[PDB]
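Report on the structure given below.
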Amino acid sequence: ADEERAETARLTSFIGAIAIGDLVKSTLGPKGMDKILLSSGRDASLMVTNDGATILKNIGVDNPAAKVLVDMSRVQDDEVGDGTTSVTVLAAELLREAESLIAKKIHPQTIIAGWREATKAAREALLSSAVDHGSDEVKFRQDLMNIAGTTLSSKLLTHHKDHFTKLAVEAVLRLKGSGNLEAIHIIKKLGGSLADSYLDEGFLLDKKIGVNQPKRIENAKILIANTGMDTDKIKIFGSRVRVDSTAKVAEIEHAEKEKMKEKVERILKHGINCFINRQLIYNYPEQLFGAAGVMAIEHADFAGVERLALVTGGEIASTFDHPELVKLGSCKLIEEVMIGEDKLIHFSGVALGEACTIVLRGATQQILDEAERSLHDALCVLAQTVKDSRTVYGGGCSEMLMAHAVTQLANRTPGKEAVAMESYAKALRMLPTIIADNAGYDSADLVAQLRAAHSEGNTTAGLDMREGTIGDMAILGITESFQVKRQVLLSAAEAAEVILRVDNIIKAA
Amino acid sequence: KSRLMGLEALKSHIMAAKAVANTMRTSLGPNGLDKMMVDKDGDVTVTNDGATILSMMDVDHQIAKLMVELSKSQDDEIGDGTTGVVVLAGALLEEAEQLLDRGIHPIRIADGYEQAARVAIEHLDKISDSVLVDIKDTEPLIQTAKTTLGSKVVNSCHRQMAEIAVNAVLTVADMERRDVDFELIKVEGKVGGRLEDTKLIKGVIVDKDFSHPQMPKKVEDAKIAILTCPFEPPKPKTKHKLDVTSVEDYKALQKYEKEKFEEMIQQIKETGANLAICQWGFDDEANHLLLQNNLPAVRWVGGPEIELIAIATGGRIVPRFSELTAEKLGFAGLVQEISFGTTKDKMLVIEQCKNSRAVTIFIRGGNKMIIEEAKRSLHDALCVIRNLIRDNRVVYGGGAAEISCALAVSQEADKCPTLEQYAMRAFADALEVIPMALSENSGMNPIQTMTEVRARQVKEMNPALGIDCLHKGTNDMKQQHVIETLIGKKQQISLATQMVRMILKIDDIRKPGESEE
Amino acid sequence: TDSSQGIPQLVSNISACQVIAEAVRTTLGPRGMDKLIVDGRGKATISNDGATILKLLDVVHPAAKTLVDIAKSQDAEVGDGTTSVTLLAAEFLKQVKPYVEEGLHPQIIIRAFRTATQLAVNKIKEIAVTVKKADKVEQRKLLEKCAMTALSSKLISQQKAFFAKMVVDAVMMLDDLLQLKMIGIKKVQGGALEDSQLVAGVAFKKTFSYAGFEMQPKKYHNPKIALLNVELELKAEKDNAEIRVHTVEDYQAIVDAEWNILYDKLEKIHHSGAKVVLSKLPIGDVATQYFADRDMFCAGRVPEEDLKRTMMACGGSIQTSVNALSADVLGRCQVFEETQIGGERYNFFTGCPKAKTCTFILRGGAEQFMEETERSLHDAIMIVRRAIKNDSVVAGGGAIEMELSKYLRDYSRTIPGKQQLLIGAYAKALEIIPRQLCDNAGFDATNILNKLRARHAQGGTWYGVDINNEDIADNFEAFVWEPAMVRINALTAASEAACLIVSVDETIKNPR
Amino acid sequence: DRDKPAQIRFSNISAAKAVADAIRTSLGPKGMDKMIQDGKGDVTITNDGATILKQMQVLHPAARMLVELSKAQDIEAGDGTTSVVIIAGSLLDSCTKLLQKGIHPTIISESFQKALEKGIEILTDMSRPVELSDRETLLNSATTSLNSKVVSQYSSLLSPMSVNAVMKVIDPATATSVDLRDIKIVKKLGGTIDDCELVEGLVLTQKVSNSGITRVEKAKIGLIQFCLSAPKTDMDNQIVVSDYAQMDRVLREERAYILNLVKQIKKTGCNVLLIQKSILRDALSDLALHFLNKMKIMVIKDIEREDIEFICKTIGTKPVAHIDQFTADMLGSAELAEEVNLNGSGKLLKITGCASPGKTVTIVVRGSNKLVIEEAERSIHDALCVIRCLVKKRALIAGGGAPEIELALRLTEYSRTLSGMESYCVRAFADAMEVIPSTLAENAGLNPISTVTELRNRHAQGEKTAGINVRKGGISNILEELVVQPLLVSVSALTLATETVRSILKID
């Protein structure tokens with residue numbers, strides 16, 4: 001309806017991007033200042049966060065260029081985990097520095113083309129700032145610890161943070177020689193204390209059945225199955241619905257009853273002590289299992305039931321296509337214990353001892369949910385740090401070192417590409433200035449000092465925003481991985497260049 | 001009432017065209033800057049090409065409405081240069097306005113544009129070759145492949161997508177005349193793999209129906225039994241339950257399904273073929289039984305989907321189960337089942353070496369955004385080689401051809417004078433807008449870069465030496481590797497001129513206030 | 001209830017006319033200056049003559065409505081010169097408008113419009129040259145040079161002679177009208193633009209490809225044509241429906257029973273005699289199965305107008321039922337040939353028994369070449385057709401109008417008082433039409449008009465302005481040859497239209 | 001930039017201060033009652049701080065923290081609901097000053113928790129232990145707190161009864177925490193304050209059953225949360241009517257169903273059943289109820305969702321929401337179940353003696369007129385809340401507003417010795433404290449700034465000296481007239497206040 005010409009498009013685009021960059025610059029890092037989430041279009045209730053990711057989803061935006069920022073933020077959450085807020089801020093910064101170039105006389109392509117060459121130079125610099133760590137078991141422990149503690153604070157939860165950091169690093173530590181998460185279950189569950197938390201060495205289903213059914217098995221034999229009882233997974237032993245009579249309502253209820261029982265028999269014929277079902281277990285087959293000697297767990301999860309099947313050494317039935325013809329799993333012990341004020345089922349003696357479950361114990365629901373997410377972003381990080389066991393010196397130490405790399409390049413160059421190099425270095429450097437405000441210690445002194453170190457060549461002083469001074473980094477509790485950072489640099493740039501390149505914004509609203 | 005009369009009406013038109021023109025101008029060449037369309041649901045899309053962007057765009061004026069039609073013809077034959085016709089058409093008017101202010105009528109210039117188009121084409125024909133063969137057009141097609149990929153979905157050559165793209169078009173050309181359409185070739189995309197997972201399909205690809213990932217998957221023969229009749233009892237695209245009123249009739253209904261599996265399996269076998277395409281379906285249990293019995297069905301085939309296979313094979317679909325003979329079925333040169341997606345179920349490829357009238361190149365994609373861009377490159381590729389088959393010529397285009405023609409048309413203004421003089425002057429600068437705005441979007445000054453190439457037009461003619469179109473320090477078009485078809489650039493010249501001829505026609509600037517509703 | 005009266009009221013009515021006269025100002029050739037007229041129904045509209053669009057306008061004056069009505073009168077008779085009538089009437093009134101202020105309000109005006117109109121018609125008819133079709137020419141070669149007149153204007157190079165001799169052949173054979181309706185010209189994509197084809201009969205532009213379209217026959221030597229304004233497809237007769245289930249055979253039975261009804265429809269007409277089935281409504285995918293297998297030809301998705309030409313020429317007739325109908329609702333040809341030309345499949349029906357359509361088939365293979373050829377061939381067919389009916393031919397170009405304006409200048413001297421003034425306005429008004437030809441050719445219009453009067457005072461020849469060459473010269477010796485009769489009609493209609501408006505100056509309106 | 005949060009935050013502070021101003025003149029026993037106009041056009045007369053904020057607040061983000069802040073206060077102490085708002089707004093006055101100066105918000109938020117941690121030290125040294133297993137010590141501390149509360153007229157009689165409930169739920173020396181998750185407030189029509197009593201088991205509301213037995217000893221506590229009839233049709237019953245025949249066909253199903261359920265309950269062994277409403281359970285049959293009572297099982301029908309969750313923890317009679325889950329484990333052990341129709345008209349079920357985890361006491365509070373019953377309900381609440389606060393935190397501190405000056409003065413001096421950029425934050429925070437005893441003195445009637453200057457000087461020299469005294473209106477020792485507050489009641493006011501001020505400063 002409206003055709004926004006290249007300049008006019010630039011301003012809307014810039015202002016879109018920037019409005020978003022303020023919110024996430026404040027949320028940033030462990031001392032970062034909170035956001036207030038406001039539910040729009042429906043009520044006006046509030047929640048307080050410090051997570052940059054949540055700002056975007058909860059509170060949307062109608063600016064076309066700002067929508068690109070939202071798409072980008074999604075990608076960090078899953079694949080990398082942490083860095084959802086860290087990216088969004090740098091991308092807005094890159095555009096800010098872009099503003100002065102479009103004005104001067106300088107076309108958008110000039111700025112793009114020279115930031116691509118600059119991204120390649122920054123990456124080379126990310127490798128240099130990346131020193132290997134956590135090759136040996138002792139160092140490997142120390143290595144997971146630093147990254148994981150970073151993540152939680154930046155996405156909210158900083159009170160009970162340390163207890164969860166011990167369990168999370170131990171969990172990844174067991175795996176050894178693979179970055180699985182396909183055995184490390186994450187269970188968030190009501191009951192327990194906020195201080196206590198538990199890692200069972202095995203696998204743990206938090207689903208229970210009371211003390212009215214068996215729960216004590218020694219030398220357990222596992223059948224993993226998806227068996228309907230009312231859902232009615234195939235291997236029917238009931239009837240079709242037909243209507244021929246006014247008493248026919250009675251006939252249906254009975255026919256379901258023979259169905260439930262004939263399926264109990266087929267399960268029974270495996271020769272097992274522990275039966276797990278993703279689906280419902282009706283009141284009638286439940287009692288028939290408790291009598292047979294077989295444990296009943298109903299309402300198992302789609303993630304956990306499958307994931308259980310691998311570790312224990314079973315195999316799933318897959319919609320009850322295997323009624324006696326699927327191989328078992330085995331565990332040494334099945335004990336019911338009370339951890340918190342809950343009853344849990346504890347699989348122990350699991351075949352692949354890689355498997356662990358991390359059980360989060362809330363006593364405020366607001367904490368328990370936010371904690372699950374922030375800890376999941378952290379475990380995404382952890383498992384990539386298996387593939388390459390190295391860290392970079394975080395804190396603003398890397399950002400300056402990429403900025404500087406690109407400043408020395410910038411100097412060499414006098415062409416069209418050279419222009420944007422000046423812009424690119426400034427953009428990277430503008431991130432510690434944000435970290436400096438978050439500290440609450442004036443930016444100009446710190447960032448200038450930091451700058452000085454890295455020219456001479458040093459990555460053994462960084463910014464401590466936890467002391468408000470320029471300090472050592474020697475793999476402390478405030479470094480960042482290489483894993484998170486490579487992806488964060490790549491995406492910020494990539495997003496900004498797509499925003500630059502779109503200047504033929506036709507809005508038909 | 002309100003009335004924009006004569007001159008006033010003409011001024012209005014000029015304002016519409018230059019705004020449309022400029023959006024297109026900053027999208028010229030692979031140094032182009034992308035288009036983002038936001039709709040009325042706020043759904044964001046990234047596209048490129050003149051033709052597509054206009055079509056989505058709600059027309060706000062008269063010249064805007066005219067351009068959409070114009071663009072779509074450029075898109076069908078040529079498949080590139082869609083944005084470049086538009087830039088030229090609006091540009092030429094932006095100069096006509098300047099002529100108007102001097103005191104020349106739009107009438108005088110508009111006749112001399114038609115003449116100035118005629119002289120531009122003439123000059124074009126001298127530029128580059130006009131003789132190739134189809135095992136030697138391939139090196140320009142590789143030059144077309146660099147630019148076309150590397151401004152859309154990727155910023156790089158991908159040799160796999162390009163080479164798949166060019167074969168498909170050749171399969172249809174040798175069946176009739178050395179001519180192909182844009183309805184005999186298609187890019188069908190289905191998400192599951194990555195953009196580099198691709199196939200060359202020589203006929204068509206249909207989803208192959210499998211009830212479960214424990215049922216057998218076989219293929220055999222080289223021939224397709226195209227049916228609408230059953231290959232196992234129907235269930236013809238509507239809900240059904242079971243309407244038995246005894247236990248007895250349920251038990252009865254299962255054995256009757258067993259016999260019909262066998263009997264259809266044999267009837268098809270006997271004629272030849274054993275993979276069936278049936279328009280109708282049947283529930284999940286009956287299908288599972290037939291897959292176990294072996295000799296795979298395809299069940300739940302669209303009403304369009306069957307028409308697609310038939311047109312490509314050239315044969316017919318039986319209306320009945322009675323009437324079956326090998327003649328009455330369509331003819332394939334191979335049927336083989338290929339893994340669609342990279343973690344998804346197998347599909348059925350029906351390649352044909354018998355007859356071809358629909359050759360699909362099967363592209364896989366991840367997201368909805370990345371597939372739509374990737375197919376955008378494909379469409380443009382199908383079209384440039386369509387021009388070659390019919391008559392084999394290429395031109396160096398990107399800036400090279402336009403400027404060389406421009407200098408030529410300029411020179412004749414001063415050989416001729418009279419009526420066409422002003423028209424020639426304006427036409428020669430219009431042609432030069434095309435390399436110019438390409439440098440505007442790109443990293444380097446528009447005036448400076450235009451001046452550079454113009455120097456080498458006096459020093460040498462018929463140049464492989466245009467402006468940068470890989471964003472380089474050097475400027476060529478042999479080392480920037482942009483090639484257009486000679487006919488393709490030729491078709492632009494016609495089209496731009498055209499727009500001017502259409503606005504001239506009547507004198508009905510009278511409006512009741514209805515003129516863009 | 002409204003009433004308005006006065007000398008300023010008269011002035012109103014004329015002012016309205018100017019507004020419609022501007023809409024149609026120039027359209028004589030292909031130059032002027034247009035604005036696309038898009039309606040509120042969401043349709044984009046242009047035409048090849050500007051009087052068409054003008055008909056659609058609804059004028060809120062009754063006086064302005066008269067000038068609309070005479071447009072409709074001209075268009076129906078000649079089919080040309082419709083524009084011309086608006087211009088003369090309006091312009092006459094324009095130079096009269098300031099004369100009304102001065103004193104030319106009296107009804108005497110009507111009398112003067114009659115003297116000027118009656119003389120002028122007679123002068124055309126006498127000066128015009130009466131030429132046989134067998135004088136010293138073939139009938140086709142007289143009309144060759146007249147058909148060229150439209151063809152030279154736009155914008156078709158040297159193929160113009162060749163096309164001209166071709167376009168004639170269709171018109172002579174049919175002749176009995178002055179309209180192009182029973183001829184037409186059909187564009188075809190692809191093929192040679194260095195020759196075109198004259199087909200006696202009808203043809204179809206495109207029939208869509210269906211499943212076993214090449215498994216259907218393309219040639220017949222006694223095609224018997226079924227004209228169907230119906231369709232059979234999946235949505236015209238169903239092939240999906242609910243059934244009871246208690247056996248597999250129930251499912252088979254329902255699809256089976258439906259396929260029978262659709263098979264009945266082609267069979268019943270095939271047994272009458274049909275083997276060619278022509279339909280303008282769609283034919284589907286299920287539909288085309290039966291045909292492909294029978295080895296009986298089918299066609300769907302052919303234009304509604306084209307199907308109606310097929311009726312006249314082959315002697316077929318419309319149906320609305322295809323079951324159990326005679327064989328006297330069928331037409332025949334002697335030749336059915338299907339040749340795919342360009343991207344589109346082309347059906348040719350020729351060998352037609354009474355041949356009440358013949359039509360030129362123009363092959364170019366573009367959109368650019370073909371619309372300008374079609375535009376010129378539309379007006380070609382108008383000049384040649386009307387040359388059979390009135391065999392008096394005069395110079396066009398507005399050359400003869402410049403002579404009338406001379407002639408009437410003379411007359412104004414012996415004709416008295418208030419009438420003289422009226423005559424001087426008639427004379428000035430005749431020069432407007434050629435002024436626009438000067439605007440189209442690219443000249444200074446006022447400079448030019450004066451040079452043609454000089455050779456209408458130094459010989460009385462045929463000097464006028466050419467758009468058919470874009471120069472100034474004799475138009476008779478340039479073969480710009482069009483009948484006397486277009487000019488006879490346009491004068492008399494322009495006076496008639498005029499007299500009504502200047503007479504009304506008291507308008508009573510009711511918005512009831 | 002952070003300019004636009006700067007501008008938003010000041011606007012939020014100003015709105016929060018304005019709402020908080022009304023409550024400074026409602027503070028303490030000498031508080032000024034507030035006539036509050038609802039969006040409903042009704043005047044509400046209150047002197048309790050918390051409900052003023054709740055009943056109507058402005059639509060700004062700091063205003064909302066205030067409702068939340070006092071809501072948190074209620075669960076934690078139950079006391080200092082009024083005072084907790086006072087310190088919050090007073091701190092936000094201090095913050096504007098810091099901001100302008102160029103002390104960043106991050107600094108003021110960590111310094112404000114650091115100053116709480118530093119404040120609690122100074123407080124404790126002043127505090128003085130009392131016994132938590134002795135009845136008399138807890139009563140004196142509770143009695144002093146009651147004179148200060150709004151309600152006091154019948155609180156003399158309710159105070160020894162408030163301790164008695166709490167003493168039974170204290171069994172070790174640690175004295176647990178004592179929540180209201182073990183002390184149950186039940187009301188009964190009719191009776192006096194002297195008739196009120198502490199029932200060992202739980203007292204349950206209503207009592208539906210006149211065909212049942214009326215006294216059964218050695219009873220088994222059974223819990224129903226399953227139906228007594230086949231599911232809804234259109235009524236809670238399966239039975240519905242639209243034809244004579246239609247009712248018959250449903251009755252065939254229902255009849256079978258009601259006998260197997262009533263019988264199943266009896267076979268497991270129960271003599272008390274706890275049944276909910278006919279809008280909280282999808283079916284119940286009058287027919288099934290007549291039989292269920294006539295088997296000689298004591299029934300209460302009709303009770304709340306809140307009640308059912310309460311019982312399940314306290315007397316260990318765990319959920320039974322299905323037939324399958326009546327097993328022995330779920331059942332309680334009651335010593336007696338009894339109907340009482342004395343000491344207030346109407347019939348309630350008393351279970352006296354119950355096998356229980358923890359220990360659960362219930363006080364049936366009672367009174368002659370409807371308004372007498374409500375005054376005593378307020379009175380036990382006030383009385384119990386202070387006891388629970390002291391058993392959590394053994395030491396005892398003074399009231400009267402003197403501790404509040406005494407912390408401040410120390411916190412100023414210490415801050416200067418320590419120094420730092422955060423010095424300004426901890427010094428201004430201490431001065432934030434000086435507002436509340438000053439605001440209190442004005443309500444007692446004496447020129448306020450002059451009162452708080454003088455008490456500072458008495459604290460500086462002597463320490464434990466003068467405080468705001470209700471007799472004098474002014475400056476006289478609170479050592480001669482004991483005004484005590486539990487240590488948790490003051491810890492709560494400060495730590496909650498800081499947290500709220502922390503969120504607002506952090507909020508963009």
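Numbering starts fresh at 1 for the residues of each chain in the structure tokens, the chains themselves are lettered A, B, ... in the order given, and ligands are numbered from 1 as they appear.
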
Could you write out as a list in words the residues of chain A within 8 Å of chain B, counting only C-alpha atoms?
->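 For chain A, the answer reads residues 1, 5, 6, 62, 64, 106, 107, 108, 109, 110, 111, 113, 240, 242, 244, 416, 501, 502, 503, 504, 505, 506, 507, 508 and 509 of chain A.
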
Write out as an MDAnalysis selection string which residues come within 12 Å of residue B:86 when counting only C-alpha atoms, dropping same-chain ones fewer than 2 positions away.
-> chainID B and resid 16:28 49:51 53:54 63:72 74 80:84 88:93 430 433:434 492:500

Might you pull out every residue within 9 Å of residue A:483, with only C-alpha atoms counted and same-chain residues fewer than 2 positions away left off, and present them as a PyMOL selection string?
-> chain A and resi 80+381+384-385+388+390-392+480-481+485-488

Take the residues that were just selected and, keeping C-alpha atoms, output them as a CSV table (one decimal), in the first residue's frame.
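Ended up saving to result_8.csv:
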chain,number,residue,atom,x,y,z
A,80,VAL,CA,23.7,-22.8,21.5
A,381,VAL,CA,26.3,-25.0,25.9
A,384,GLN,CA,28.9,-28.4,22.5
A,385,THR,CA,31.9,-27.8,24.9
A,388,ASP,CA,35.6,-28.8,21.5
A,390,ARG,CA,38.1,-24.9,25.1
A,391,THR,CA,37.1,-21.5,26.6
A,392,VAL,CA,37.7,-18.0,25.6
A,480,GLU,CA,32.5,-17.5,28.6
A,481,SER,CA,33.0,-20.4,26.2
A,485,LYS,CA,30.7,-16.7,21.4
A,486,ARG,CA,31.4,-17.9,17.8
A,487,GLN,CA,27.8,-18.3,17.2
A,488,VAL,CA,26.8,-15.0,18.8

From the DSSP assignment of the backbone, select every residue of stretch 165-406 of chain A that is helix (DSSP H, G or I), and format the answer as a short mmCIF file (atom, residue, chain, number, x, y, z; two decimals) with C-alpha atoms, in the first residue's frame.
data_model
loop_
_atom_site.label_atom_id
_atom_site.label_comp_id
_atom_site.auth_asym_id
_atom_site.auth_seq_id
_atom_site.Cartn_x
_atom_site.Cartn_y
_atom_site.Cartn_z
CA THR A 165 25.78 -25.61 38.81
CA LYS A 166 27.33 -28.56 40.73
CA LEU A 167 24.70 -31.08 39.46
CA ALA A 168 24.73 -29.83 35.88
CA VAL A 169 28.52 -30.13 35.33
CA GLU A 170 28.62 -33.60 37.04
CA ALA A 171 25.83 -34.73 34.67
CA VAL A 172 27.83 -33.88 31.52
CA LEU A 173 30.97 -35.21 33.19
CA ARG A 174 29.66 -38.84 33.30
CA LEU A 175 29.07 -39.09 29.51
CA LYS A 248 -26.77 -50.80 23.76
CA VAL A 249 -24.98 -48.17 25.98
CA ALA A 250 -24.47 -51.12 28.43
CA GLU A 251 -23.01 -53.34 25.87
CA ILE A 252 -20.17 -50.87 24.96
CA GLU A 253 -18.97 -50.50 28.57
CA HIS A 254 -18.61 -54.31 28.93
CA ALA A 255 -16.84 -54.73 25.62
CA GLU A 256 -14.17 -52.22 26.81
CA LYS A 257 -13.74 -54.35 29.91
CA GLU A 258 -12.64 -57.54 28.03
CA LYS A 259 -10.34 -55.40 25.92
CA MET A 260 -8.30 -54.02 28.97
CA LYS A 261 -7.89 -57.46 30.37
CA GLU A 262 -6.82 -59.37 27.18
CA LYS A 263 -4.02 -56.75 26.66
CA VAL A 264 -2.84 -57.31 30.31
CA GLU A 265 -2.30 -60.98 29.42
CA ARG A 266 -0.14 -60.21 26.30
CA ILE A 267 2.05 -57.88 28.41
CA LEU A 268 2.18 -60.59 31.01
CA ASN A 283 -8.85 -48.70 37.16
CA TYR A 284 -9.54 -52.27 35.94
CA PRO A 285 -6.11 -53.30 34.30
CA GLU A 286 -4.32 -51.37 37.21
CA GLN A 287 -5.66 -53.77 39.75
CA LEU A 288 -4.87 -56.73 37.45
CA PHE A 289 -1.17 -55.71 37.26
CA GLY A 290 -0.89 -55.34 41.08
CA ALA A 291 -2.05 -58.84 41.47
CA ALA A 292 0.21 -60.29 38.68
CA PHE A 302 6.95 -38.81 25.41
CA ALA A 303 10.62 -37.62 25.98
CA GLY A 304 11.31 -39.76 29.15
CA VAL A 305 9.62 -43.07 28.15
CA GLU A 306 11.71 -43.18 24.89
CA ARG A 307 14.86 -41.95 26.50
CA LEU A 308 14.46 -44.63 29.23
CA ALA A 309 14.27 -47.30 26.58
CA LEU A 310 17.78 -46.52 25.28
CA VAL A 311 19.61 -46.40 28.69
CA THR A 312 18.27 -49.42 30.33
CA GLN A 365 6.46 -22.08 40.89
CA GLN A 366 7.79 -18.78 39.35
CA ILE A 367 11.38 -19.91 40.22
CA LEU A 368 10.87 -23.56 39.32
CA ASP A 369 9.75 -22.82 35.70
CA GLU A 370 12.32 -20.03 34.92
CA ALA A 371 15.00 -22.28 36.35
CA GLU A 372 14.13 -25.16 34.00
CA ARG A 373 14.65 -22.98 30.94
CA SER A 374 17.83 -21.17 31.99
CA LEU A 375 19.39 -24.56 32.99
CA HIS A 376 18.40 -26.08 29.59
CA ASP A 377 20.17 -23.19 27.71
CA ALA A 378 23.29 -24.01 29.93
CA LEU A 379 23.19 -27.77 29.13
CA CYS A 380 23.06 -26.94 25.30
CA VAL A 381 26.31 -25.00 25.88
CA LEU A 382 27.84 -27.91 27.95
CA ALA A 383 27.38 -30.49 25.30
CA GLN A 384 28.93 -28.43 22.53
CA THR A 385 31.93 -27.83 24.92
CA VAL A 386 32.43 -31.67 24.83
CA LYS A 387 33.04 -31.55 21.04
CA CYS A 397 38.00 -9.53 27.15
CA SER A 398 37.15 -11.33 23.85
CA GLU A 399 34.99 -8.53 22.54
CA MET A 400 37.83 -6.10 22.78
CA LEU A 401 40.21 -8.66 21.23
CA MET A 402 37.94 -9.10 18.14
CA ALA A 403 37.51 -5.34 18.01
CA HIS A 404 41.24 -4.66 18.09
CA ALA A 405 41.97 -7.42 15.44
CA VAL A 406 39.60 -5.71 13.16
#

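Distance check against residue C:1 using only C-alpha atoms: of C:325, C:508, C:148, C:286, the minimum falls on C:508.
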
May I have the residues within 9 Å of residue C:358 as a PyMOL selection string, using only C-alpha atoms and disregarding those fewer than 5 positions away in the same chain?
-> chain C and resi 169-171+173-174+182-184+198-202+313+350

Can you write just those residues out, N, CA and C atoms, as a compact mmCIF listing (two decimals), in the first residue's frame?
# COMPACT_ATOMS: atom_id res chain seq x y z
N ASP C 169 -10.05 -10.97 -48.12
CA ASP C 169 -10.56 -12.18 -48.70
C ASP C 169 -11.74 -12.73 -47.81
N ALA C 170 -11.48 -12.59 -46.50
CA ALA C 170 -12.48 -12.89 -45.55
C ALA C 170 -13.75 -12.03 -45.70
N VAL C 171 -13.66 -10.70 -45.85
CA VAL C 171 -14.74 -9.68 -45.86
C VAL C 171 -15.63 -9.80 -47.02
N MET C 173 -16.41 -12.39 -49.06
CA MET C 173 -17.14 -13.60 -49.00
C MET C 173 -18.34 -13.55 -48.09
N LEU C 174 -18.17 -12.87 -46.93
CA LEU C 174 -19.26 -12.77 -46.01
C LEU C 174 -20.28 -11.67 -46.38
N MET C 182 -18.52 -10.43 -37.60
CA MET C 182 -18.55 -11.80 -38.07
C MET C 182 -17.25 -12.20 -38.67
N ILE C 183 -16.17 -11.37 -38.51
CA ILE C 183 -14.88 -11.63 -39.03
C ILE C 183 -14.08 -11.86 -37.78
N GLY C 184 -13.44 -10.78 -37.21
CA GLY C 184 -12.49 -10.95 -36.11
C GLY C 184 -11.07 -11.32 -36.51
N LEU C 198 -5.06 -17.13 -43.86
CA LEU C 198 -6.47 -16.78 -44.04
C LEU C 198 -7.14 -18.15 -43.98
N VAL C 199 -8.03 -18.32 -43.03
CA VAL C 199 -8.71 -19.59 -42.79
C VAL C 199 -10.20 -19.18 -43.06
N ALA C 200 -10.87 -20.02 -43.81
CA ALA C 200 -12.26 -19.97 -44.06
C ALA C 200 -12.89 -20.83 -43.07
N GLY C 201 -13.77 -20.25 -42.15
CA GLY C 201 -14.31 -20.95 -41.08
C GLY C 201 -13.96 -20.31 -39.73
N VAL C 202 -13.82 -21.16 -38.68
CA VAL C 202 -13.65 -20.83 -37.32
C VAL C 202 -12.40 -21.56 -36.88
N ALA C 313 -21.20 -20.87 -38.70
CA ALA C 313 -20.51 -21.31 -39.88
C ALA C 313 -20.76 -22.86 -40.23
N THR C 350 -12.46 -26.06 -40.83
CA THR C 350 -12.44 -25.39 -42.02
C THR C 350 -13.09 -26.43 -42.90

Output as a list in words all residues of stretch 78-298 of chain D that backbone DSSP marks as strand (DSSP E or B).
-> residues 128, 129, 183, 184, 185, 186, 187, 188, 189, 190, 197, 198, 199, 203, 204, 215, 216, 217, 218, 219, 221, 272, 273, 274, 275 and 298 of chain D

Hey, what's within 9 Å of stretch 382-391 of chain B if we count only C-alpha atoms and toss same-chain stuff fewer than 6 positions away? As a count of residues only, please?
-> 33

Hey, what's within 12 Å of residue D:413 if we count only C-alpha atoms and toss same-chain stuff fewer than 2 positions away? As a list in words, please?
->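 Everything that qualifies: residues 406, 407, 408, 409, 410, 411, 415, 416, 417, 418, 419, 423, 424, 426, 427, 428, 430, 431 and 460 of chain D.
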